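Residue numbers (UniProt numbering), protein chains in the order written: chain A, 6 to 636; chain B, 162 to 636; chain C, 483 to 636. Data first, discussion second: the structure below is written as structure tokens.
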Amino acid sequence: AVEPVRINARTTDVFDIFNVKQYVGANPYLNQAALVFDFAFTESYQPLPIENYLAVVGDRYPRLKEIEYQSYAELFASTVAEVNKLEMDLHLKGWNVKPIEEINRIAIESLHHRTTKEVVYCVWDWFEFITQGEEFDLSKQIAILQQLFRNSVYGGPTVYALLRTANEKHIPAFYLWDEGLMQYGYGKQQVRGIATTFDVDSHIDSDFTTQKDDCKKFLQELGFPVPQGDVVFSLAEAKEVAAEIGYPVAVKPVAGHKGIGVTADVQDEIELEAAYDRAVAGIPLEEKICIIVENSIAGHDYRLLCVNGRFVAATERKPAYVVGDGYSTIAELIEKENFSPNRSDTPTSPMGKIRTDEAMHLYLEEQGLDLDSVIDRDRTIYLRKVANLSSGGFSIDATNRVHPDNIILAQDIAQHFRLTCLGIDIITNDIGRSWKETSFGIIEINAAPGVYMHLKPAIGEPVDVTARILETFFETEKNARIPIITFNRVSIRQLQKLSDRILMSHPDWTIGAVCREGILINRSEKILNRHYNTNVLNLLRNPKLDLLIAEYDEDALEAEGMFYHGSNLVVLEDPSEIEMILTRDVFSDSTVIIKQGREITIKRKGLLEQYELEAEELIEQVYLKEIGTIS
Amino acid sequence: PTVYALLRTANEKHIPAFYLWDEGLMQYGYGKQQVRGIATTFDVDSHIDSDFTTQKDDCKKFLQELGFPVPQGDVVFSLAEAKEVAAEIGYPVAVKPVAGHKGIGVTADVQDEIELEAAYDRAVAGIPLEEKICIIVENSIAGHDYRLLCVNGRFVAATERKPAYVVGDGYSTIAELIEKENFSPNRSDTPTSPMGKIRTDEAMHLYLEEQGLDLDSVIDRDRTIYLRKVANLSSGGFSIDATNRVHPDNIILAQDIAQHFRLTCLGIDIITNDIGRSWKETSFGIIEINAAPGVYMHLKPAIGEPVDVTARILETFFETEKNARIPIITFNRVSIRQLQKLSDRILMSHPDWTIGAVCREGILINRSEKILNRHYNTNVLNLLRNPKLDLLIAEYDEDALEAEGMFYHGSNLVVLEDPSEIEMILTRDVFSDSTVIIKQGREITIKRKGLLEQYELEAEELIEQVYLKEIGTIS
Amino acid sequence: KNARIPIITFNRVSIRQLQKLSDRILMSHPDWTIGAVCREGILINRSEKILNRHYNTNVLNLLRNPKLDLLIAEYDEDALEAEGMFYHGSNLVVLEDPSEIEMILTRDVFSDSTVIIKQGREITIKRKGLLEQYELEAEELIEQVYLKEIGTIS
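Now the structure itself:
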């Protein structure tokens, strides 16, 4: 209950709206899901003319055919349609106005209904504030609306990217509650999943991926370059096989604290003895030479993505750094660099703020970089080791500079699990050289990788990964849908005879039929639900359906609208003005049959035919012959 | 209990099977025909479906949307509103009392609102009203717990669960009756015994508290005494075969339920009074669904006939023995260059194949070189784990044979060059359509399809000219 | 499978329906030879032959023919109780209003056989281990139920 409505409850309000309703799927007014409401002309405070309303357009540019404005309804619909983009370049376009009796009905396309209703309310308020007060602030409300969409089930980077790609490829998708997933198809050609996880991913491989230790051992037993470690344990001159772990063994010397070594790249055993004897002075015998072995310390961290066994996209992660003279280090420099044109909170911004925390300070005190230091030079300082993308760490594209050997290694690693998307992190000195002659390491592999960083990198060019993911399952338009038949009025017996006639040709198909008094699978009877659209949803969820037959009358059409979109074959007898709306949602190779009294009209894609019906003849005989060409 | 049954079935059907360390799994098959698993879980099962199966109170809504009999109820504090809701909750309901209970009326009520009037009148009157007025109009649930198993979407086997029971004589307490029952030969502890022992815990303490004398007095052979509300097959309870007494309607219902998930085996728990009647005319209810059920109770029932479910599980994947093998070639002394030449020669007819070759000098996977492990007989495992292999080429000399032995079983083409006494054993394990080539000095002996041939090579010739014409058989 | 031919089993059938079934089958395999036997006569393709007095001898005579491609036979209660069946296994079983004795015809089947049972106006079909049940309407004969099921034979 919105008691504020016009929050400043100024009595001179000149416009009124009411009767808001949500229409999923197709509807009598539009061709997609929408929100519908009614205009009005509240009296005694006559609205100033259109000219000044159109004049204040400094924010957005609705233009070009803007001369077509005939009343306030078209203006209002256009401005709500423009604000519906939410300053995000959404694929939501569409609007309709219908003047009936003395009122105009407005239909606005929507994806999340709550945000569209909020948009309508806000734009109505802005419109009201145009005549009397002459000022209104809308950026704050726009930001709140953007956050509202962000916190929705349809809101999300990967989710919305996949939805946009599916819309661009004209692939059905819809949300399934109870389960809580998204479904990309109809009948047997269906795919379900959440984010980057899908239903074709094994339960065993995903569990194994998180084992870490056993995964490392399994990877090392196949000869892959992994951080081997072999503990820290020393046996005086152990060396030999213990040192003969790999090429450029390069035992790195940590022990107690900081140092040296990293020069056993020369495999000379005498060099190893010299480093063991001369440099064991650095850390005294207080530590039993707890010395780590290769450590593959290259200081450059990369992430690689594999889809369907192939390698796509690569990215290098860099933490935040600072530059400048010795003013002080904490606060002043980060604060002024926070005030940067590129470091905004808008989703169009490449990256967020520095957002210092306590683990950052722990790293600072670990090295002793101080808090308010004096670094008066152009000396750059890195404030964090692990590049956290949510705390100022950024990413750079590295896709076009990878040596083929690393690609081969990544593909070989990928082709060992039954997952669809795999993400491998590596540490390398130069990605342009082979891993055989360069220090290399493999730290982690992940089964649920976030592909956001590959879509809009801070520096570089975008790459389309979502296209590859959808190509993995579907390859064209035809491998997403199933034959659908639409009726206006039908009974159970006619449905049974039609199903039998269809089954006479293909005897192994599964056919679903839905009408007003029963639901049929092949020839058996099931239970019907009170909500009419849930039956269609359940029939479309079936993983074995081959053909759908649906009866849609005027009541259901006006109440909530259709659920599907195609209607390959349409049969109509005695249609109302609303019931004709089924004739516009057809494909090129469709077939529409119309009966009007004693007149029969065939609207086959080839030619238009008309004929005069006989006595005691039935439309059964009319379609029972055209059913011969469905697939 | 299940792993060994699967192993025995695989041995019966001549299917290779071996254990994978570093992974904790068992693998059946060799190349692209492999299947990995543990107990009744396999690599083709889905992740989100298996996670959804364990989220209770959400599967109930999913199974209630599509019209299925599930237990649901309501809470009321008034009179007419209850009667209203009960109609939409389904009419064959039971009213029951809140906490007063008295001896619970339950008030089975069949088809009438007037029966509802009488039922709630007795409920509010007889049961004390001091407690809350939460008159919970619920469904009617019977006893006789059953468990159904579905494999590949088809109904296979069913089993009734029955808890342990005791009877009285006239001069003995319950404990001595328990001891007498335990003395019975049937309830022994051999691994191979139908029924187990009877134990003690708090559960039967609460059960005795509900009704009955608590470890005192005598029953006097009037009736039997139960110990638990749940069978608990690990101790006391047992199972009865009920596969042949199931109505077709329940079978169709089970198939409809099972067709919606991407799992190989599914288990359904059901409560009903009669399993031989349709669920549309009795008290039926679905309780739980399990994704990784145990199938031992269907193989060794207490009384009844066994059902072979492991045969169905295995036949789901492999139709016959040849559907789980790949071509294998065995040498006893070879070099890398010859392996490369053989691979390139083979690749001309099948350009989209993947071939794996291993010897004492290095590994080769389709014109490439990889790292050779130090432990022989491990590279063979790594090559047989690859899910894309189409052909294997391996070498086994005398040292390898005397160290651990061969890893696979059977060969399609055997090539020997000046063999010793030990290496000749490589000719023992062959099929009936295999080809064998032996060279000694300049003498060549060939066995092909059971037919023998012998001739003599002259100088300046190599064995590579002999087996390059026999490569067309494995194609 | 290299030593067997397809077999179809009825429990009650007339000589007019066998000709229609053979005609329908021969449309897809014009060069086949089909042998059918019942209590009224014996047919090879569409021609009539002589019937023996001992019923089980006709099946032996048909299985001895070195050109047969498919067999159709019926076994009622008296035949089953007299001497029993002659072959082992079936690929398609049709039962119309069966009795207690005749139900044993469903015991000897393979893993991909088809079973059809009609009782009153109720039809039960088992196909590849999957069950299905529905109801016929008024003027209807079983001939239109099993005439769509002959695709597994091929």
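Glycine included, C-beta positions come from ideal geometry on N, C-alpha and C.
*Under the DSSP definition of a beta bridge, which residues are partnered with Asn300 (chain B)?*
Taking the first residue of the second sequence as 1, we reach residue 300 (chain B) at position 139. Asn300 (chain B) pairs with B:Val254.
*As assigned by DSSP and simplified to three states, the class of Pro409 (chain B)*: Mapped onto the second sequence, residue 409 (chain B) falls at position 248. Three-state result, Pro409 (chain B): helix.
_According to DSSP, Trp100 (chain A) sits in a beta bridge with which residue or residues?_
Mapped onto the first sequence, residue 100 (chain A) falls at position 95. Partner(s): A:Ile113.
*Would a check of beta-carbon distances place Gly611 (chain C) closer than 8 Å to chain B?*
Within the third sequence, numbered from 1, the residue matching residue 611 (chain C) stands at position 129. At least one C-beta of chain B is nearer than 8 Å to the C-beta of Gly611 (chain C).
*By the 10 Å Cβ neighbour count, where 16 or more other Cβ atoms means buried, how is residue 650 (chain A) classified, buried or exposed?*
Within the shown structure, residues of chain A are numbered from 6 to 636, placing residue 650 (chain A) beyond reach of any answer.
*Measure the beta-carbon distance from residue 660 (chain B) to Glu578 (chain B) and round it to whole angstroms, keeping in mind my assumption that it falls under 8 Å.*
With chain B covering only 162 through 636, there is no way to say anything about residue 660 (chain B).
*Could you tell me whether the region 415-430 of chain A touches the region 330-350 of chain A, where touching means 3 or more Cβ pairs closer than 8 Å?*
Touching, no, given that fewer than three Cβ pairs across the two stretches are closer than 8 Å.
*asked:* Please state the DSSP three-state secondary structure of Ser504 (chain A).
replied: Taking the first sequence and counting its residues from 1, the one referred to as residue 504 (chain A) is at position 499. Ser504 (chain A): helix per DSSP, three-state reduction.
*Please compile the residues from chain B whose C-beta is within a distance smaller than 9 Å of the C-beta of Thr606 (chain C).*
Residue numbering aside, residue 606 (chain C) sits at position 124 when the third sequence is read from its first letter. In chain order: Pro409.
*Where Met585 (chain A) sits in the DSSP three-state scheme*: Taking the first sequence and counting its residues from 1, one reaches residue 585 (chain A) at position 580. Under the three-state reduction of DSSP, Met585 (chain A) is assigned to helix.
*Would you grab the beta carbon distance between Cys295 (chain B) and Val246 (chain B) for me? Rounded to a whole angstrom, and I think it's under 8 Å.*
Looking up residue 295 (chain B) in the second sequence gives position 134. Looking up residue 246 (chain B) in the second sequence gives position 85. Wrong, their Cβ atoms sit about 13 Å apart, outside the cutoff.
*List the residues that DSSP assigns as beta-bridge partners of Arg609 (chain B).*
Along the second sequence, one-based indexing puts residue 609 (chain B) at 448. B:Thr596 and B:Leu612, per the DSSP bridge assignment.
*asked:* Counting only C-beta atoms, is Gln601 (chain C) closer than 8 Å to chain B at any point?
replied: In the third sequence, the residue the question calls residue 601 (chain C) occupies position 119. So, not an interface residue.
*Tell me which same chain residues have a C-beta within less than 7 Å of the C-beta of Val267 (chain A), skipping the five on either side of it?*
For the purposes of this step, residue 267 (chain A) is taken as residue 262 along the first sequence, with counting starting at 1. Excluding sequence neighbours, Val267 (chain A) sits near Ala255 and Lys257.
*Under 8 Å, do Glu617 (chain B) and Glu604 (chain B) count as touching if we go by C-beta distance?*
Position 456 of the second sequence holds residue 617 (chain B). Position 443 of the second sequence holds residue 604 (chain B). Yes, the Cβ-Cβ distance between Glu617 (chain B) and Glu604 (chain B) is below 8 Å.
*asked:* Applying the 10 Å Cβ sphere with the 16-neighbour rule, what's the burial state of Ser593 (chain A)?
replied: By one-based count along the first sequence, residue 593 (chain A) stands at place 588. By the 10 Å Cβ count, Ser593 (chain A) comes out exposed.
*Across which residues does DSSP place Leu388 (chain B) in a beta bridge pair?*
In the second sequence, residue 388 (chain B) corresponds to position 227, counting from 1. Residue pairing of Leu388 (chain B) in beta bridges, as defined by DSSP: absent, with no partner found.
*Ordered along the chain, which non-local residues of its own chain (more than five positions away) have a Cβ less than 8 Å from that of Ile199 (chain A)?*
For this step, residue 199 (chain A) is matched to residue 194 along the first sequence. Here the set comprises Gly185, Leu186 and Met187.
*State yes or no: is the C-beta of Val470 (chain B) within less than 8 Å of the C-beta of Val312 (chain B)?*
Stepping through the second sequence from its first residue, residue 470 (chain B) is reached at position 309. Stepping through the second sequence from its first residue, residue 312 (chain B) is reached at position 151. Contact: yes.
*What residues match up with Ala518 (chain A) in a beta bridge as DSSP calls it?*
On the first sequence, position 513 is the one that residue 518 (chain A) refers to. Listed as beta-bridge partners of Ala518 (chain A) by DSSP are A:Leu525 and A:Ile554.
*Would you mind sorting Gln195 (chain B) into buried or exposed? The rule is 16 or more other CB atoms within 10 Å of its CB.*
By 1-based counting over the second sequence, the position of residue 195 (chain B) is 34. Label assigned to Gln195 (chain B): buried.
*Based on Cα-Cα distance, which residue from A:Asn405, A:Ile431 and A:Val10 lies nearest to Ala415 (chain A)?*
What you label residue 415 (chain A) is simply residue 410 of the first sequence in a count that begins at 1. When the alpha-carbon of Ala415 (chain A) is set against those of A:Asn405, A:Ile431 and A:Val10, the nearest one is in A:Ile431.
*Burial state of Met356 (chain A), where buried means 16 or more other Cβ atoms lie within 10 Å*: Position 351 of the first sequence, counted from the start, is the residue given in the question as residue 356 (chain A). By the beta-carbon neighbour count (other beta carbons within 10 angstroms, threshold 16), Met356 (chain A) is buried.
*Would you tell me roughly how many angstroms separate the C-alpha atoms of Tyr307 (chain B) and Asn434 (chain B), rounded to the nearest one?*
On the second sequence, position 146 is the one that residue 307 (chain B) refers to. On the second sequence, position 273 is the one that residue 434 (chain B) refers to. Rounded to whole angstroms, the separation of the alpha carbons of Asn434 (chain B) and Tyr307 (chain B) is 10 Å.
*Taking the C-alpha atoms as reference points, what is the distance between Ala403 (chain B) and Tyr457 (chain B)?*
Start at 1 with the first residue of the second sequence, and residue 403 (chain B) comes out as number 242. Start at 1 with the first residue of the second sequence, and residue 457 (chain B) comes out as number 296. If you take the alpha carbons of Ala403 (chain B) and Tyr457 (chain B), they lie about 15 Å apart.
*Check whether the Cβ atoms of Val576 (chain B) and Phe492 (chain B) sit closer than 8 Å, and answer yes or no.*
Residue mapping note: residue 576 (chain B) aligns to position 415 of the second sequence, counting from 1. Residue mapping note: residue 492 (chain B) aligns to position 331 of the second sequence, counting from 1. In contact: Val576 (chain B) and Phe492 (chain B) (Cβ atoms closer than 8 Å).
*Can you find at least 3 beta carbon pairs, one from the region 202-216 of chain A and one from the region 123-131 of chain A, that sit closer than 8 Å?*
No, they do not touch.
*Are the beta-carbon atoms belonging to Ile516 (chain A) and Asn527 (chain A) less than 8 Å from one another?*
As a first step, residue 516 (chain A) is located in the first sequence; it is residue number 511 there, counting from the start. As a first step, residue 527 (chain A) is located in the first sequence; it is residue number 522 there, counting from the start. Yes, they are a contact pair.
_Counting only Cβ pairs nearer than 7 Å, list the residues of chain B close to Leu227 (chain A)._
Here residue 227 (chain A) refers to the residue found at position 222 when the first sequence is read from its first residue. Those are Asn543, listed as they occur along chain B.
*Report the three-state DSSP secondary structure of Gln137 (chain A) (helix, strand or coil).*
As a position in the first sequence, residue 137 (chain A) is number 132, starting the count at 1. The three-state reading of DSSP puts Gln137 (chain A) in coil, since its state is none of H, G, I, E or B.
*Report the residue from A:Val62, A:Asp513, A:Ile55 and A:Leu394 whose alpha carbon sits nearest the alpha carbon of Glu73 (chain A).*
Locating residue 73 (chain A) in the first sequence gives position 68, where the first residue counts as 1. Measuring from the Cα of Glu73 (chain A), the nearest candidate turns out to be A:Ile55.
*asked:* Just to make sure I have the definition right: I need the residues of chain C whose C-beta is within less than 9 Å of the C-beta of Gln416 (chain B). Which are they?
replied: Reading the second sequence from its first residue, position 255 is the one you call residue 416 (chain B). Within 9 Å Cβ-Cβ: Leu612 and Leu613.
_At the level of alpha carbons, what is the spacing between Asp142 (chain A) and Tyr165 (chain A)?_
Numbered from 1 along the first sequence, position 137 holds the residue referred to as residue 142 (chain A). Numbered from 1 along the first sequence, position 160 holds the residue referred to as residue 165 (chain A). Per the coordinates, the alpha-carbon of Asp142 (chain A) lies some 29 Å from the alpha-carbon of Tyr165 (chain A).
_Residues near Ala178 (chain B) by beta carbon distance below 6 Å, same chain, minus five either side_ = Within the second sequence, numbered from 1, the residue matching residue 178 (chain B) stands at position 17. Around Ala178 (chain B): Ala171 and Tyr189.
*Can you list, in chain order, the residues of its chain whose CB lies under 7 Å from that of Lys610 (chain B), leaving out five sequence neighbours each side?*
What you label residue 610 (chain B) is simply residue 449 of the second sequence in a count that begins at 1. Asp594, listed in sequence order.
*Can you pull the chain B residues whose beta carbon is under 9 Å from the beta carbon of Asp204 (chain A), in chain order?*
Residue mapping note: residue 204 (chain A) aligns to position 199 of the first sequence, counting from 1. Correct list: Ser207, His208, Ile209, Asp210 and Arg423.
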